[PDB]
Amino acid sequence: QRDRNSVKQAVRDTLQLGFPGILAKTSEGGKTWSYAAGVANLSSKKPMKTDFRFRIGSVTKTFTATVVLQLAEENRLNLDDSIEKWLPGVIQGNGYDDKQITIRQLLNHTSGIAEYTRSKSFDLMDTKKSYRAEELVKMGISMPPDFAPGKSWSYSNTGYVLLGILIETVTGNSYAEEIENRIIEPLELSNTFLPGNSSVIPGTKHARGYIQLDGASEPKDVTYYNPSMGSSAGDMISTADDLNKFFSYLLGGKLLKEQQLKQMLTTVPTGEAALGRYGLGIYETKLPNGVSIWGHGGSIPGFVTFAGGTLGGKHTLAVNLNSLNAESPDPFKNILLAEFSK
């Protein structure tokens, strides 16, 4: 049987890396467990609770990829189509060459399209600004390719913002409509939301979220933050339950059929103790013991998340912290070691 004390301990100690609070939930064999420590609110000291909603950030990428893959299954697009066929005139200038960029590459971050958040016109700490997706694309291509398509790996939100546009070009429906109609509604993910450019986290069932760019400063409350800077790369809100159910269905063969799931799990090297091997909106975290955890993290102001699971979908975890602490980018490593070892 699992030693849950070691998980509790690892959950609790994560706070000492400089976070207000933490929630996690695990499912294994259909046996669930819930964890929470620390506080939802640094000023009132109200406790973190396990069933809270949170901004999942880049875990959104896995939902977007899943839609793109269903579209491939239905013969509405091909992973190796060039994007020039779908979105001509978009990725150009600066030596970009769209005729060599494929849909597959956007999905696994090998396109070389530059990351819009490196632009000087981008400000993470602006908690208000509404961006249209095409503005983020243009911001990204304002900088030259990092490399030639397919020749290297580099994390690019720009590519996932582009994919959200693509989806709509393919079906006539917004990426949010597609995520809602294909994933949220059929899995009954009843605490999972696509907020657009609204800054609201709905309801009272969530914590305050914080950001701390520093260590030598107060964390700032950024609970209300405009998620349109993330779009189809990072805007979603969800819960530990809904994310467990999602990853368990995905990895257990219930959302993507075998042929598409195999493509999703075909990975490229990242070169990076950071992520491991990266697939289509999902990556492999390999533990010392030989265990592979497939899932994704997120990190958006207010909230740092990881969700994921074992191949076959029978063991998953989701975890969230309510602050973005730039000094501790990789906080979940011991939780995973406890929950998935041995």
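Residue positions are given as counts along the sequence shown, with the first one as 1.
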Mean Cα B-factor comparison, 114 to 122 or 222 to 230, giving the higher one as deposited: 114 to 122
Of 55 to 63 and 22 to 30, the one with larger mean CA B-factor: 22 to 30
Criterion, highest CA B-factor; candidates, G172, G203, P145, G196: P145
Candidate residues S130, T270, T127, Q260, the one whose C-alpha B factor the record puts highest: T270
Ranked against its chain, the third holding the CA B-factor of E135: middle
Where the record places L243 (Cα B-factor, split into thirds across the chain): lowest
Third of chain Cα B-factors occupied by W153: highest
Ranked C-alpha temperature factor of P88 among modelled chain residues, by third: middle
Modelled-residue ranking by C-alpha temperature factor, third containing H296: lowest
